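To keep things clear, I will list the structure first and then write my remarks on it.
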There are 6 protein chains.
Amino acid sequence: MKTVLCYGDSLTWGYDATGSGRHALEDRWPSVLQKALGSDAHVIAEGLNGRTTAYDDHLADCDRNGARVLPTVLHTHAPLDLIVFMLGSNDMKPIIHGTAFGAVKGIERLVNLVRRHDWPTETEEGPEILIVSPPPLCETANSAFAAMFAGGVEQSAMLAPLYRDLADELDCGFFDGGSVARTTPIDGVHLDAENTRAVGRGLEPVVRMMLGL
Amino acid sequence: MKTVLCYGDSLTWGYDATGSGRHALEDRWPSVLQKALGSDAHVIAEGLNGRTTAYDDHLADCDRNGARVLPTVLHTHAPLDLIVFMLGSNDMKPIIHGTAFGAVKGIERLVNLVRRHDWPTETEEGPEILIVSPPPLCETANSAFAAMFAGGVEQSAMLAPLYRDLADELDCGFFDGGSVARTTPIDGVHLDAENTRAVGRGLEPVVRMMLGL
Amino acid sequence: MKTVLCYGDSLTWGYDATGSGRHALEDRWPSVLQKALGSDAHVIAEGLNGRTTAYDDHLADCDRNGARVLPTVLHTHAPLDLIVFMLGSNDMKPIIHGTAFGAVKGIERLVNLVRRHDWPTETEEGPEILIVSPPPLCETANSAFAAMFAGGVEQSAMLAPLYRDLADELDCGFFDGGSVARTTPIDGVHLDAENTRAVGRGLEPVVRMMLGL
Amino acid sequence: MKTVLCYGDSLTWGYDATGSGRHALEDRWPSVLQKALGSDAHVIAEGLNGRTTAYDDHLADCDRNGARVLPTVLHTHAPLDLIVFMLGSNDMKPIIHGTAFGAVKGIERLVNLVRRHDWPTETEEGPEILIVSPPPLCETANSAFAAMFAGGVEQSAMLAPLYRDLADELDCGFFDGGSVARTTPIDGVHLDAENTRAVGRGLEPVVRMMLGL
Amino acid sequence: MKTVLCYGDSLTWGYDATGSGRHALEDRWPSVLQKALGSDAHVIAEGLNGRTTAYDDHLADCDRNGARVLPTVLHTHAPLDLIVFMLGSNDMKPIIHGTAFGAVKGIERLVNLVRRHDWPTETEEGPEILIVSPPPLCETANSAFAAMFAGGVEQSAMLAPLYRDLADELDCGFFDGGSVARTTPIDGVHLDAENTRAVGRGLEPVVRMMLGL
Amino acid sequence: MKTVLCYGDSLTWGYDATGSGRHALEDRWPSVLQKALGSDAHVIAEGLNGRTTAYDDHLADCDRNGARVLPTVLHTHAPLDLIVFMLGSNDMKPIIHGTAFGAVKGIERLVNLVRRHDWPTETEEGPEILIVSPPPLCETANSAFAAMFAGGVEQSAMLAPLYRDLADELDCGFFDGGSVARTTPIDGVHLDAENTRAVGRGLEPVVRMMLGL
């Protein structure tokens with residue numbers, strides 16, 4: 001049985017912007033993926049609202065630095081056959097840094113953290129790694145969000161090509177989330193239930209391919 | 001559907017001391033518990049080898065301080081109907097502090113962290129909390145472990161009464177893991193597959209009662 | 001006897017831009033408030049030079065992140081009847097982030113830290129919270145300050161309406177410091193002695209309302 | 001006008017072993033000292049429950065490491081003429097270390113933090129420093145306190161001679177708190193209102209001498 | 001025998017923009033300086049790739065905050081007669097802050113860390129300090145570097161005048177690295193072996209004067 | 001040219017207990033090693049007073065936790081052919097934990113940090129590692145040191161066999177420092193000049209074997 005860790009942010013937690021709540025379990029993209037793989041895989045969802053690739057954010061009751069937390073998560077869930085990353089939307093906040101390029105460097109650090117992890121028990125081989133570019137940000141009239149993410153429509157559109165290029169450099173899998181799903185203008189960043197499911201459905205082929213099914 | 005977070009250490013990760021590996025999924029105590037509750041619950045396993053209640057340990061590629069990490073875990077998995085804690089065995093290490101009493105103060109801090117958590121979305125009510133005393137340590141001839149855990153047979157036997165008393169003070173549920181399961185002398189701390197399953201089976205009644213089924 | 005905590009930056013410390021020293025005790029705004037309230041209240045001044053709302057700044061011999069520090073301050077001075085915040089001027093520094101919106105998010109975090117604090121002795125009545133928008137930045141010939149706070153005159157002008165909107169959203173009091181006081185052009189950011197006294201006199205009515213005298 | 005910082009733990013916060021509450025303001029030791037000195041001095045009380053000399057403790061909603069926190073506190077209250085420390089009780093907990101010697105080394109570190117602090121504004125001359133040994137622990141039937149402070153009766157009796165020797169070595173003032181006050185057997189470590197008040201008065205003469213009145 | 005600490009970033013580590021490797025030992029600037037000074041001095045090279053003046057950067061397997069790390073480095077190498085800093089290039093990254101002004105404030109903080117360091121053994125007299133502005137960035141067709149350092153050409157040209165003014169303010173030595181060396185257009189920021197060697201030689205005269213030979 | 005990193009504590013710094021200062025350069029063990037190897041090797045000395053294997057100590061102006069610091073040191077000095085560890089004396093302090101077993105676990109962690117380090121430039125050949133057991137503690141009349149290291153004579157005697165067993169388990173080299181050198185009874189823990197030189201001379205053969213000269 002293959003074990004798949006899904007390491008993400010609110011898009012992976014399953015933020016429902018319509019209701020200001022959480023999508024149902026069955027609508028979260030790791031759950032869609034699990035259903036599709038069935039008993040051949042065990043998928044673990046680790047989605048944290050506001051998680052950045054590598055940067056500190058002290059505005060919530062959690063540690064939002066993806067890189068600082070990842071070793072603890074890897075160790076909790078080892079041994080792992082596949083890590084699926086979907087991060088970068090929070091990196092588009094100017095407070096964090098706002099740059100597509102800083103997001104791709106953060107993913108690079110996360111890839112290295114997986115590759116160099118000191119596993120809890122003796123482990124022959126590195127997990128495989130799938131880098132997913134999140135669905136790009138959209139324009140919103142929500143004044144708080146448009147400030148929070150000022151300039152991020154334009155920068156977030158550059159994540160797919162950069163993340164694809166990194167995945168090629170680092171021998172990782174790549175999927176463009178924005179190829180199957182769009183964000184909502186309620187806030188410019190979140191996915192409704194249908195678009196969240198779509199990410200899960202869309203990943204099934206590359207996930208199967210990376211796992212040898 | 002009720003959501004149950006199981007926050008523990010190697011006993012919850014499912015450490016196989018016979019094989020120096022991880023118990024199969026179906027033998028881990030959260031998985032036994034999930035099977036028993038079926039579709040009425042969604043159980044989330046967060047077991048980290050070497051996790052202490054509240055103390056730092058820099059000897060592995062993770063953060064083993066249960067209290068520092070817990071907010072991030074709570075936030076990842078909210079909203080939660082029940083938190084089940086099973087920690088304290090690592091607190092028996094003299095390097096950490098070695099005292100049953102320090103372990104119960106650490107559980108107290110963890111209870112407070114749940115109760116005061118700033119949830120990712122609007123939340124009316126605190127989760128319920130179930131404090132589980134881990135199966136007590138046994139004597140071992142393994143010289144590394146007997147040093148690591150020097151004096152912990154005697155101190156670990158005091159966790160059940162202290163944890164029961166705390167649970168009464170704080171309006172938490174209580175279960176003695178050591179009432180259904182024993183540790184293995186391979187290393188004096190771990191649970192074999194059968195004893196791990198037993199913890200899961202044994203918790204089903206109090207978990208159902210706390211969840212209203 | 002009501003206890004009031006005043007949590008702020010060099011404006012609350014009492015920075016004298018003319019002498020590069022500290023205003024006399026009696027000219028600091030918390031002192032002016034205390035004299036106005038008399039023996040009905042005990043006012044505690046916690047102003048730290050360079051303190052930001054919720055952002056790291058490693059340029060001085062102290063932790064300038066207001067959010068990281070605040071729990072320890074709350075705990076030291078508990079039980080509290082009112083917390084008065086006056087922060088955001090340092091958030092106007094580009095190196096911090098330079099945005100009004102980032103400042104009001106930081107105040108939001110501070111409010112939540114108060115509301116969720118695990119008080120040292122049983123409580124049960126939450127403190128009241130007063131959000132004070134600092135007097136906004138002005139233009140200065142001081143080239144070092146003009147650089148340090150580049151863009152800040154325009155952003156700081158936005159703090160009063162954003163803070164007022166937040167106070168309303170979160171059930172806090174609001175006062176616009178800039179309604180009674182102005183910054184000195186010697187450096188664009190500080191208050192002279194009279195302007196520091198004006199803040200303290202200006203807060204007396206809203207402070208009484210919130211304390212029931 | 002001389003400014004005095006009082007940097008301590010629950011004995012300085014003013015902990016009531018009975019009510020489980022806070023001593024009234026006028027019954028706290030820095031308040032007694034303030035009343036004695038009158039307008040010749042401004043006394044600032046910074047007493048945090050559980051504060052250690054220089055050791056982490058993650059069991060409460062605050063940073064209990066005296067050393068970490070002290071630069072922030074110094075910077076907040078500068079310029080200072082005198083720092084009065086009264087710490088060491090918490091160091092008697094086996095979870096912290098439980099040794100008089102570790103406490104005096106902690107005090108040393110706090111002394112050096114004062115001496116090397118990079119003050120907010122230009123400052124010629126260091127503050128004076130007064131080291132206070134806390135009143136020693138006594139035996140208690142309170143079994144949680146007896147556990148928490150196990151061994152502390154015998155170790156805490158060593159604080160006064162070690163602290164006095166250090167003060168001599170480092171050119172600091174010294175006062176033995178236990179000379180004028182005793183702990184309550186209600187819990188073995190705290191001070192009742194009368195004995196708290198006595199510390200403040202007892203310190204008056206040495207504070208006066210160090211300050212030239 | 002004088003001891004000189006060289007505290008820098010990849011320009012001091014000796015980064016080869018081509019080979020993506022390390023300059024040979026004799027081609028690094030502190031080695032050149034050492035060879036020039038001969039047995040009158042012992043030069044210690046502490047160059048860390050990506051090191052900033054006083055800003056966190058979690059993108060590599062190390063702490064890149066110059067300020068955090070420097071007390072440890074000072075303590076390791078004390079007693080020191082001279083500290084030579086060459087930092088600021090990394091501060092030109094928009095992810096760090098991207099401002100010449102933020103870099104000079106960072107340098108200031110490093111100067112004060114040297115001046116206030118609590119040396120391992122008794123030490124009368126501070127080390128001398130030499131601030132080196134790094135050679136300024138140049139334009140590059142390398143699109144990853146151009147992104148990473150966007151804006152840095154124009155800002156890095158301001159480092160020399162700001163650093164010189166600071167050195168005057170703080171009674172430090174100053175040298176403009178860009179006076180004797182140029183960055184490579186291969187990536188816009190690094191130094192080839194010849195230009196690296198030139199910094200070391202260029203520093204010789206001012207190092208000699210500060211040390212009295 | 002081989003590069004050798006020497007990572008240790010005040011024994012590697014070169015602490016002179018008679019003068020409370022630092023041994024001359026030429027008497028420090030890494031210097032003696034360097035002279036013995038000549039131009040075939042470049043030896044880097046990183047000895048920090050009070051450094052522990054993997055444990056926090058906040059009593060000085062530095063980070064004494066060997067494991068927290070080591071990645072930054074590896075990264076600064078990479079690429080390395082050999083890392084030589086000489087640590088554990090500070091681990092014999094009760095405040096740290098006082099156990100030989102805790103010291104060898106800390107060395108274990110350090111070894112793993114080396115083996116998993118994300119080197120700054122492509123590598124691919126792992127450095128060799130030499131574990132050196134420090135000369136064991138002796139009895140002393142110095143009452144402050146006798147307290148600081150209470151129990152340490154008996155525990156430190158156990159470091160050589162435990163370290164040798166570890167070296168064998170992990171494929172590292174081993175040398176017993178105590179085979180060529182002894183501690184001074186002036187304070188029980190330090191080495192005088194000749195005894196520090198003896199360590200350096202003593203390591204030459206195993207250092208050559210591991211470097212292939």
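Chain identifiers are assigned as A, B, and so on, following the order in which chains appear in the structure tokens; residues are numbered from 1 within each chain, and ligands are numbered from 1 in order of appearance.
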Only residues of chain C matter here; which ones have an atom within 12 Å of chain A, counting only C-alpha atoms? Give them as a ChimeraX atom specification. /C:52-56,65-69,91-113,116-117,162,165-166
C-alpha atoms of the current selection, written as a PDB file, in the first residue's frame:
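And here's out37.pdb as it stands now:
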```pdb
ATOM      1  CA  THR C  52       5.646  46.414  15.500  1.00  0.00           C
ATOM      2  CA  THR C  53       2.178  44.951  15.623  1.00  0.00           C
ATOM      3  CA  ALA C  54       3.096  41.346  14.750  1.00  0.00           C
ATOM      4  CA  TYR C  55       6.350  41.452  12.763  1.00  0.00           C
ATOM      5  CA  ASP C  56       9.929  40.594  13.523  1.00  0.00           C
ATOM      6  CA  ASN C  65       7.417  41.721  17.584  1.00  0.00           C
ATOM      7  CA  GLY C  66       4.371  42.907  19.468  1.00  0.00           C
ATOM      8  CA  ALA C  67       2.489  39.665  19.126  1.00  0.00           C
ATOM      9  CA  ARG C  68       5.327  37.380  20.285  1.00  0.00           C
ATOM     10  CA  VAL C  69       5.887  39.485  23.393  1.00  0.00           C
ATOM     11  CA  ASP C  91       4.649  48.839  10.585  1.00  0.00           C
ATOM     12  CA  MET C  92       4.985  51.808   8.152  1.00  0.00           C
ATOM     13  CA  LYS C  93       8.637  50.934   7.611  1.00  0.00           C
ATOM     14  CA  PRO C  94       9.251  49.199   4.296  1.00  0.00           C
ATOM     15  CA  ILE C  95      11.572  46.723   5.930  1.00  0.00           C
ATOM     16  CA  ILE C  96       8.588  45.656   8.136  1.00  0.00           C
ATOM     17  CA  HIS C  97       6.058  45.801   5.348  1.00  0.00           C
ATOM     18  CA  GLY C  98       4.954  49.447   5.099  1.00  0.00           C
ATOM     19  CA  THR C  99       1.213  48.857   4.782  1.00  0.00           C
ATOM     20  CA  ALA C 100      -1.773  50.117   6.747  1.00  0.00           C
ATOM     21  CA  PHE C 101      -3.543  46.851   5.974  1.00  0.00           C
ATOM     22  CA  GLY C 102      -0.630  44.804   7.454  1.00  0.00           C
ATOM     23  CA  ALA C 103      -0.859  46.950  10.630  1.00  0.00           C
ATOM     24  CA  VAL C 104      -4.587  46.403  11.129  1.00  0.00           C
ATOM     25  CA  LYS C 105      -4.095  42.633  10.626  1.00  0.00           C
ATOM     26  CA  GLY C 106      -1.391  42.798  13.320  1.00  0.00           C
ATOM     27  CA  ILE C 107      -3.784  44.620  15.687  1.00  0.00           C
ATOM     28  CA  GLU C 108      -6.323  41.910  14.947  1.00  0.00           C
ATOM     29  CA  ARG C 109      -3.862  39.323  16.069  1.00  0.00           C
ATOM     30  CA  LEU C 110      -3.093  41.269  19.256  1.00  0.00           C
ATOM     31  CA  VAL C 111      -6.821  41.507  20.045  1.00  0.00           C
ATOM     32  CA  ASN C 112      -7.162  37.735  19.654  1.00  0.00           C
ATOM     33  CA  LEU C 113      -4.122  37.141  21.931  1.00  0.00           C
ATOM     34  CA  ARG C 116      -7.604  33.893  24.249  1.00  0.00           C
ATOM     35  CA  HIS C 117      -5.006  34.424  26.915  1.00  0.00           C
ATOM     36  CA  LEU C 162      -9.043  50.760   9.240  1.00  0.00           C
ATOM     37  CA  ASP C 165     -13.581  49.459  11.238  1.00  0.00           C
ATOM     38  CA  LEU C 166     -11.681  46.697  13.125  1.00  0.00           C
TER      39      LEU C 166
END
```
Mind checking which residues fall within 7 Å of stretch 13-26 of chain D, counting only C-alpha atoms, ignoring those fewer than 6 positions away in the same chain, and posting them as a CSV table (one decimal) with N, CA, C and O atoms, in the first residue's frame?
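Full text of result-v6.csv as output:
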```csv
chain,number,residue,atom,x,y,z
C,76,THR,N,2.2,38.9,33.1
C,76,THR,CA,2.9,39.6,34.1
C,76,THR,C,1.9,40.6,34.9
C,76,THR,O,2.1,40.9,36.1
C,121,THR,N,-4.6,33.4,37.1
C,121,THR,CA,-5.5,33.0,38.1
C,121,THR,C,-6.8,33.0,37.6
C,121,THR,O,-7.1,33.8,36.7
D,32,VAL,N,5.1,48.4,48.3
D,32,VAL,CA,5.7,48.7,49.6
D,32,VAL,C,6.9,49.5,49.5
D,32,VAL,O,7.0,50.6,50.1
D,47,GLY,N,6.9,41.1,37.6
D,47,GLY,CA,6.8,39.8,38.2
D,47,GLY,C,6.0,38.9,37.4
D,47,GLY,O,4.8,39.1,37.2
D,48,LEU,N,6.6,37.8,36.9
D,48,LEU,CA,5.9,36.8,36.1
D,48,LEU,C,5.9,35.4,36.8
D,48,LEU,O,6.9,34.8,37.1
D,49,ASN,N,4.7,34.9,37.0
D,49,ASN,CA,4.5,33.6,37.6
D,49,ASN,C,5.3,32.5,36.9
D,49,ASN,O,5.1,32.4,35.7
D,186,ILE,N,1.2,26.5,53.3
D,186,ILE,CA,0.1,26.1,52.4
D,186,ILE,C,0.6,25.4,51.1
D,186,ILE,O,0.0,24.5,50.6
D,187,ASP,N,1.7,25.9,50.5
D,187,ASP,CA,2.3,25.3,49.4
D,187,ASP,C,3.8,25.3,49.3
D,187,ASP,O,4.3,24.8,48.4
D,190,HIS,N,5.2,30.1,48.2
D,190,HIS,CA,4.7,31.4,48.1
D,190,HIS,C,4.8,32.2,49.4
D,190,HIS,O,5.2,31.7,50.5
D,192,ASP,N,2.7,35.0,52.0
D,192,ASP,CA,1.4,35.6,52.3
D,192,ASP,C,1.5,37.1,52.2
D,192,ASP,O,2.6,37.6,51.9
D,193,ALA,N,0.4,37.8,52.4
D,193,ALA,CA,0.5,39.3,52.2
D,193,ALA,C,1.5,39.9,53.1
D,193,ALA,O,2.2,40.8,52.8
```
Can you list, as a list in words, all residues belonging to stretch 7-210 of chain F that DSSP tags as strand (DSSP E)?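 So, restricting stretch 7-210 of chain F to strand (DSSP E), we get residues 7, 8, 15, 16, 21, 22, 41, 42, 43, 44, 45, 46, 47, 82, 83, 84, 85, 86, 128, 129, 130, 131, 132, 133, 173, 174, 175 and 176 of chain F.
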DSSP-assigned alpha helix (DSSP H) members of stretch 83-180 of chain A, reported as a PyMOL selection string: chain A and resi 100-115+143-148+152-156+159-170
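Minimum distance to residue E:40 across E:81, E:168, E:9, E:139 (counting only C-alpha atoms) occurs at E:81.
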Contacts of residue F:136 at 8 Å or less, counting only C-alpha atoms, minus same-chain residues fewer than 5 places along, as a ChimeraX atom specification? /F:89,153,156-157,159,178,182-183,189
Taking 4 positions as the minimum chain separation for residues in the same chain, which residues sit within 8 Å of stretch 2-5 of chain B when counting only C-alpha atoms? Answer as a PyMOL selection string. chain B and resi 40-46+77+79-84+211
Would you save the residues from that selection as a tab-separated table (two decimals), in the first residue's frame, using N, CA and C atoms?
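Everything below was put into result-v5.tsv:
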```tsv
chain	number	residue	atom	x	y	z
B	40	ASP	N	-19.52	7.15	11.14
B	40	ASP	CA	-19.90	8.21	12.02
B	40	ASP	C	-18.73	9.15	12.46
B	41	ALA	N	-17.50	8.71	12.20
B	41	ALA	CA	-16.30	9.47	12.66
B	41	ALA	C	-15.27	9.44	11.63
B	42	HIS	N	-14.42	10.48	11.69
B	42	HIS	CA	-13.26	10.55	10.88
B	42	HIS	C	-12.10	10.75	11.91
B	43	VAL	N	-11.24	9.73	12.04
B	43	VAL	CA	-10.12	9.77	12.98
B	43	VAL	C	-8.83	10.15	12.25
B	44	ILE	N	-8.05	11.07	12.88
B	44	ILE	CA	-6.84	11.62	12.33
B	44	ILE	C	-5.73	11.25	13.31
B	45	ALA	N	-4.71	10.60	12.79
B	45	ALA	CA	-3.60	10.10	13.60
B	45	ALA	C	-2.44	11.07	13.48
B	46	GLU	N	-1.95	11.58	14.59
B	46	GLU	CA	-0.79	12.47	14.67
B	46	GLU	C	0.14	12.00	15.77
B	77	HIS	N	-6.28	20.55	11.42
B	77	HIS	CA	-7.37	19.54	11.44
B	77	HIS	C	-8.71	20.00	11.96
B	79	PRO	N	-12.43	21.77	12.04
B	79	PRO	CA	-12.96	21.71	13.39
B	79	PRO	C	-12.95	20.26	13.96
B	80	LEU	N	-12.74	20.18	15.25
B	80	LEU	CA	-12.51	18.89	15.95
B	80	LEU	C	-13.57	18.71	17.03
B	81	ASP	N	-14.17	17.51	17.06
B	81	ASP	CA	-15.11	17.14	18.12
B	81	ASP	C	-14.46	16.52	19.34
B	82	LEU	N	-13.30	15.88	19.11
B	82	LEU	CA	-12.62	15.21	20.20
B	82	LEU	C	-11.12	15.19	19.93
B	83	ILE	N	-10.37	15.59	20.97
B	83	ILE	CA	-8.92	15.37	21.03
B	83	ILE	C	-8.62	14.22	22.02
B	84	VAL	N	-7.92	13.22	21.54
B	84	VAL	CA	-7.45	12.13	22.39
B	84	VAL	C	-5.93	12.26	22.52
B	211	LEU	N	-18.59	11.32	22.33
B	211	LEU	CA	-19.10	11.85	21.11
B	211	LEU	C	-20.65	11.77	21.01
```
With only C-alpha atoms as the counted atoms, please give the residues lying no more than 6 Å from residue A:72, apart from itself and same-chain residues fewer than 3 positions off, as a PDB file with N, CA and C atoms, in the first residue's frame.
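Below is the file that was written, around00.pdb:
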```pdb
ATOM      1  N   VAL A  69       7.938  23.672   9.630  1.00  0.00           N
ATOM      2  CA  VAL A  69       6.997  22.635  10.132  1.00  0.00           C
ATOM      3  C   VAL A  69       7.237  21.301   9.405  1.00  0.00           C
ATOM      4  N   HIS A  75       8.133  13.411   9.610  1.00  0.00           N
ATOM      5  CA  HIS A  75       8.419  12.395  10.617  1.00  0.00           C
ATOM      6  C   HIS A  75       7.203  11.697  11.218  1.00  0.00           C
TER       7      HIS A  75
ATOM      8  N   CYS B  62      12.960  16.711  13.903  1.00  0.00           N
ATOM      9  CA  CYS B  62      11.554  17.083  14.160  1.00  0.00           C
ATOM     10  C   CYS B  62      11.534  17.909  15.398  1.00  0.00           C
ATOM     11  N   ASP B  63      10.401  18.542  15.608  1.00  0.00           N
ATOM     12  CA  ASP B  63      10.153  19.192  16.913  1.00  0.00           C
ATOM     13  C   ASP B  63       9.332  18.298  17.815  1.00  0.00           C
TER      14      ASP B  63
END
```
Do you have the atom CA of residue A:201-atom CA of residue A:180 distance handy?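 So the answer is 8.8 Å.
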Mind pulling up the distance from atom CA of residue C:206 to atom CA of residue C:31? 16.1 Å
Could you pull the residues within 10 Å of residue E:176, counting only C-alpha atoms, minus those fewer than 5 positions along the same chain, as a CSV table (one decimal) with N, CA and C atoms, in the first residue's frame?
```
chain,number,residue,atom,x,y,z
E,86,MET,N,31.7,42.2,5.7
E,86,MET,CA,31.3,42.5,4.3
E,86,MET,C,30.0,41.8,4.0
E,131,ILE,N,34.0,48.3,8.5
E,131,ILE,CA,32.8,48.0,7.6
E,131,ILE,C,33.2,48.1,6.2
E,132,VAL,N,32.9,47.0,5.4
E,132,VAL,CA,33.2,46.9,4.0
E,132,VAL,C,31.9,46.9,3.2
E,133,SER,N,31.7,47.9,2.3
E,133,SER,CA,30.6,47.8,1.4
E,133,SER,C,30.9,46.8,0.3
E,134,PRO,N,30.0,45.9,0.0
E,134,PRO,CA,30.3,44.9,-1.0
E,134,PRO,C,30.4,45.5,-2.4
E,135,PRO,N,31.1,44.9,-3.3
E,135,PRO,CA,31.0,45.5,-4.7
E,135,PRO,C,29.5,45.5,-5.2
E,136,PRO,N,29.1,46.6,-5.9
E,136,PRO,CA,27.7,46.6,-6.3
E,136,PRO,C,27.3,45.6,-7.3
E,159,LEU,N,25.0,51.5,-1.1
E,159,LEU,CA,25.6,50.9,0.1
E,159,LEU,C,26.9,51.7,0.5
E,160,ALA,N,27.8,52.0,-0.4
E,160,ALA,CA,29.1,52.6,-0.1
E,160,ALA,C,28.9,54.0,0.7
E,161,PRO,N,28.1,54.9,0.1
E,161,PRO,CA,27.9,56.1,0.9
E,161,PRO,C,27.2,56.0,2.2
E,163,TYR,N,27.3,53.2,4.2
E,163,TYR,CA,28.2,52.5,5.0
E,163,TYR,C,29.3,53.5,5.5
E,164,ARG,N,29.8,54.3,4.6
E,164,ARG,CA,30.9,55.2,5.0
E,164,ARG,C,30.3,56.2,6.1
E,181,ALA,N,36.9,46.1,-6.8
E,181,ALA,CA,36.4,45.0,-7.5
E,181,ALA,C,35.0,45.2,-8.1
E,199,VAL,N,39.8,42.2,-3.5
E,199,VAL,CA,39.3,42.7,-2.2
E,199,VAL,C,40.3,42.5,-1.1
E,202,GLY,N,43.2,44.9,-1.4
E,202,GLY,CA,42.8,46.2,-1.2
E,202,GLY,C,42.5,46.6,0.3
E,203,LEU,N,42.1,45.6,1.1
E,203,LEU,CA,41.9,45.8,2.5
E,203,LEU,C,43.2,45.9,3.3
```
